[PDB]
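The form deposited in one PDB entry is given below as one chain in structure tokens.
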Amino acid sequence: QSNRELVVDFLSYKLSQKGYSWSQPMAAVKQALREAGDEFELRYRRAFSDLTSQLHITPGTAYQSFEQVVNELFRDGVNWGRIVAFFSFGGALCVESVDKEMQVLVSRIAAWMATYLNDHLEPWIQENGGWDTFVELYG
């Protein structure tokens, strides 16, 4: 797997071990996203459950059904809160899969989410300053 993430992990470990707190490149994005997703699921449960109630995965579910639900979520435009909901929705789909002994579905859900981000959301994300802008506005 990814030589680049292996390199970044090792150099950050080595720098921190020598006394230079370094932090990996996307550490602030990951932290801001986790925080926003926790807040969305806690404080907007009605909106969270409305989105999760729209799809239930089986081993036969295709990417097109996931994409159908997420296209609906962005129908009135992309914004950062809707992107946060898309992550929380994916996370709910994973928890449900593990709850029903279909842990094999987790890596498929991750691939769906990465595909949707790369194909459908990346132009807006880059247009809006990238993930660093998300951290600047909400981290």
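If you superpose the two forms and keep the largest set of C-alpha atoms that fall within 1.5 Å, you have the rigid core. Sequential numbering from 1, following the sequence displayed.
A second form of this protein, the form deposited in another entry, is not displayed here; the remarks below concern that form.
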query	finding
Residue among 31, 103, 79, 54 whose Cα moves 2 Å or more between the shown form and the other one, once the rigid core is superposed	54
Rigid-core frame, C-alpha of residue 40, shift of 2 angstroms or more between the shown form and the other one	no
CA of residue 88, rigid core aligned, shift of 2 Å or more between the shown form and the other one	no
Residue 120: Cα shift of 2 Å or greater between the shown form and the other one (core-aligned)	no
Cα-Cα shift for residue 48 and residue 91, closer or farther in the other form, minimum 3 Å	farther
Cα separation of residue 54 and residue 99 in the other form versus here, shift of 3 Å or more	closer
